[PDB]
Amino acid sequence: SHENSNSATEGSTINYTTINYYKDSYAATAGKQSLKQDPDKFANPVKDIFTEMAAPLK
Amino acid sequence: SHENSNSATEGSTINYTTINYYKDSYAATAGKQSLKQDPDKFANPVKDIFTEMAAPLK
Amino acid sequence: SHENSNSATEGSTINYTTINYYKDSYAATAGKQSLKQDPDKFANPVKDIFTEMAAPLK
Amino acid sequence: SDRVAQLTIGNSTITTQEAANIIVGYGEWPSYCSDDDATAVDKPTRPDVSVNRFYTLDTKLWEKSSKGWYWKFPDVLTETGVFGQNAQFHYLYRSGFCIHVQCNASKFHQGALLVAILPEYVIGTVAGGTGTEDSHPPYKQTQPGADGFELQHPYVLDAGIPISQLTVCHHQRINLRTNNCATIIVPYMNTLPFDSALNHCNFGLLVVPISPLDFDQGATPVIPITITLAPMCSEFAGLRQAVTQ
Amino acid sequence: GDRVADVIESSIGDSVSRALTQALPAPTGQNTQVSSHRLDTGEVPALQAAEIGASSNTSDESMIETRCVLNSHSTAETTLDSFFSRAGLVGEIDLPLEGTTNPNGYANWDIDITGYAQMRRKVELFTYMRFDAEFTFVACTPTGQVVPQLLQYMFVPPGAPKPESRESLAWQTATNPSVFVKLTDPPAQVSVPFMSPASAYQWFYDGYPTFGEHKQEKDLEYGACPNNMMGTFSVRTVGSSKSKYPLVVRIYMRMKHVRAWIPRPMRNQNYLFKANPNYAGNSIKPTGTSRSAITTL
Amino acid sequence: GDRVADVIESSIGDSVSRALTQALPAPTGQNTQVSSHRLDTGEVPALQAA
Ligand SMILES: CCCCCCCCCCCCC/C=C/[C@H](O)[C@H](N)CO
């Protein structure tokens, strides 16, 4: 399908599989997102990472 | 697609990618124009072209 | 497309390019006729053909 | 190497030492119509050096309270020379142009001019002032001849379009501080390969003083503007008798 | 052959267009290079001559100290197809019941897109255009209501006899393209090709189409270009007797495969007539707005 | 390191003194060369700008 590439995702690490019947890519369906998580961003945002086997403050 | 070639573009340097469901090519969609500009036609229409590093009238 | 061949053209020197969605070929579209002319049939229907450079009756 | 120039074409020659540059209309030189663009089946005649030469039209008077003038092309060249006698006999017509407007002053005068080429400059009238009557311009105002016509409302160019956007077309400026001449080479601009030369005027030349003239008491008070133009790659097709209009 | 020397070494008959410009691909905007301070002599990129006629070629790097910016702004919005392919109202046809405008159930409309001021100002930016079309006919009552009524649109090419009335024998459309719609469906939509004898349309045609002594009676033919008179649009209520529902037809045209030549200034004054660039003589309104002084805002 | 382009291609931190002159050894005074009559155009060694 030869179309324009101007959706609100372009330039990301997530690869879609959508259907589209027009020339512009913001009219396409939502599709199947890739399942990539990152718990280390909001839950463990510390500089030195400590092991769970050790007490942190010694 | 075997059809007639009688659109209002034929014989140009712009190559389209359109869809069409009839035998004549003026009923097709607008499509994706090629992006070719020419600023030297309306902005610098002079015979001898001068460099921007040099004053023109010396 | 496996269909019947029973249109009102079959057995001619003109080759069509039509679309059809039924089993019989008289329901198809009009399509693109071949462009073959014959001016020598109604305009110069004479037995001995004379050149345009020469007067015919001498 | 750039201030001085010379235009030699035909048996005429224009030499100027305070020129700016020779602009080229839309990056296209005037040429002859190819076999793809041609519609007619008769061979077109083409006088080489007898029509491609300069014709000095008329002398205007740039006073203090001037507004502007306009000349419709090629209406100005139907009574001058062999070109004015070929366009009366022939039907089809095809030519570029080369327009050169001289306007001189001393180093104590100040002022500017705008020399514009407006294709299919359609004259519109004021519709009776209030805009009720469906009036139309007369024949002595639409095609004025070689004497031009003074603009009545130059801010709207007597056509409804404003003057401040006129420089999107071909423009050179006669500023009496640096230069004194404006030279424009116009190609053939029409939807048809040939055209009639008695009714359709291709483009209109516009000379309007943007910055006014000024001088002190003691200099000479009259400053003239002269138009000089030469057709280029002229062609004609289709003979008949001489009809004037 | 040729034996003279002023023809074999001549240039008479140059047919190719010797172009000084060459169109380059430009999908995005232009980037900016890194520039440092420069305090040299002779090389000045800020001083030009507006008397030449060409515009400014001053880069941003030759005037200030810039930073490297990888610009990725697409210029795919300002093209001709992305500017004109928006359907605007170009005409309206009335069909009343008891009146003097069209009391016989039919109305004839000449084809011109210069009847409404919002579409007219866009297409008169250029002088020559060359486009296809997609017409759209939305029919409704003057109160917006949709009634079960059958209608026939007919495209009359220039030359064909116009219908004198509703029961006339020109409505039998043996070769004219006609559209039969009701009102309880989506509106009709056709595709009109480039139907001109010339190579492009023209909205401004300076001159007369006829010959002869142009006097005060024949002055209204000025500017009437016959490469644009495309015919007549006709509607009727398909039937014999008098109908009982009033109708209003609206026409919406969008251009596709657009090529345009020779730009020109856009109009700033009010329009007054169709295919006639007249303006108000006393009420000349300036383009911008006025303030008290120039030294202050 | 560096990843921006307006610093890796910049000139901030020029420490060396970019001199236009270069001291030459001169133990004695300068000699004088033989010169003949010269009646040319354009080349003027007597006209300057103070
Ligand atoms: C059922 C058929 C629908 C009617 C289709 C009409 C086709 C006519 C082509 C439309 C293209 C625009 C014509 C432009 C001409 C301008 O009005 C004149 N230059 C100015 O009056």
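Taking the Cα atoms of segment D:66-137 alone, what are Rg (to one decimal) and Dmax (as a whole number) in Å?
Cα only, segment D:66-137: 17.9, 50 Å (Rg, Dmax).
Quick check: the distance between the Cα centres of segment D:166-245 and segment D:10-78, to the nearest angstrom?
Using only Cα atoms to place each centre, the spacing works out to 8 Å.
Is there a pair in B:32/E:122; B:23/E:256; E:122/E:274; E:162/E:215 whose C-alpha atoms are over 24 Å apart, and which pairs would that be?
Pairs exceeding the cut-off: E:162/E:215.
So which trypsin sites (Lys or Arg not before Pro) in segment D:50-84 end up in coil per DSSP with only 15 or fewer other C-beta atoms within 10 Å?
D:64, D:67
Which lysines does residue E:182 reach when only Cα atoms under 22 Å apart count, and residues fewer than 8 places away in its own chain are ignored?
Result set, ordered by chain and number: E:242, E:244.
Is there a quick way to get the dipole size of the protein assembly as shown? I mean about its Cα centre, with the Cβ of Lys and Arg at +1 and of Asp and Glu at -1; what is the value in debye to the nearest 20?
Computed about the Cα centre, the dipole is about 1260 debye.
Could you quote the convex hull projected area for segment D:1-130, Cα atoms only and averaged over all directions, in nm²?
Directional mean of the projected Cα hull area for segment D:1-130 stands at 12.8 nm².
Taking a spot 7 Å from the Cα of residue E:68 along the direction of its beta carbon, which residues of segment E:25-51 have an amide N less than 12 Å from it?
E:32-35
Looking only at Cα atoms, what is the convex hull volume of chain D per residue, in Å³?
Looking at chain D, the number lands at 147 Å³ per residue.
Can you list the residues, at least 5 places off or on another chain, whose amide H is less than 5 Å from the amide H of residue D:16, using H built in the peptide plane?
Residues meeting the amide H criterion: D:5.
Using only DSSP helix segments of four residues or longer, with each worth -39500 (n - 2.57), what per-residue ellipticity at 222 nm results for chain E after dividing by its residue count and rounding to 500?
That comes out to -1000 deg cm²/dmol.
Please report the antiparallel percentage of DSSP beta bridges with both residues in chain E, rounded to the nearest 5. The partial results should precede the final answer.
On the way: 41 of 41 bridges.
Of all bridge pairs located within chain E, approximately 100 percent are antiparallel.
For segment E:1-104, what is the per residue volume of the convex hull drawn over the alpha-carbon atoms, in cubic angstrom? Walk me through the numbers before you get to the answer.
Working: hull volume 44.7 nm³, N = 104.
Per residue, the Cα convex hull of segment E:1-104 comes to 430 Å³.
Using a Debye calculation, one point per C-alpha and no hydration shell, please list log10 I(q)/I(0) for chain E at q = 0.10, 0.13, 0.16 Å⁻¹ in order.
The Debye formula, applied to the Cα set alone, gives -0.85, -1.14, -1.42.
Cα convex hull of chain A: mean projected area in nm², to one decimal?
The directionally averaged projection comes out at 6.1 nm².
Using alpha carbons only, how many angstrom separate the centre of segment B:25-55 from the centre of segment E:148-223?
First find each Cα centre; the distance between them is then 36 Å.
Using a label position 7 Å from Cα in the Cα→Cβ direction, what is the ascending list of nm distances from residue B:10 to the same site in the other copies?
Those label-point separations list as 3.1, 3.1 nm.
Treating the Cα atoms of the protein assembly as shown as identical point scatterers in vacuum, please give the log10 of the normalised Debye intensity I(q)/I(0) at q = 0.11 Å⁻¹, two decimals.
For the protein assembly as shown at q = 0.11 Å⁻¹, log10 I(q)/I(0) is -1.46.
If amide H atoms are built 1.01 Å from N in the plane of the peptide, which residues on other chains or at least 5 residues away come under 5 Å of the amide H of residue E:35?
It is E:66, by chain and number.
Evaluate the relative contact order of segment E:162-297 (contact order divided by residue number), counting alpha-carbon pairs under 8 angstrom at least 6 apart; express in whole percent.
It comes to 18 percent, rounded to a whole number.
Can you tell which of B:9, B:55, B:39 lies farthest toward the positive end of the dipole of chain B, using +1 and -1 charges on the Cβ of basic and acidic side chains (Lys, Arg; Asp, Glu)?
Of the candidates, B:55 comes out farthest on the positive side.
Enumerate the calculated ³J(HN,Hα) couplings along segment D:231-240 in order (Karplus 6.51 cos²θ - 1.76 cosθ + 1.60, θ = phi - 60°), each rounded to whole Hz, writing x wherever the residue is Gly or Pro.
Values, residue by residue: x, 9, 6, 6, 9, 9, 8, x, 8, 7 Hz.
Because the Cβ atoms are built from the backbone with ideal geometry, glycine has one as well, and the counts that use them run over all protein chains shown. Taken together, the values in this text are just the output of simple stated rules run on the coordinates, not laboratory data.
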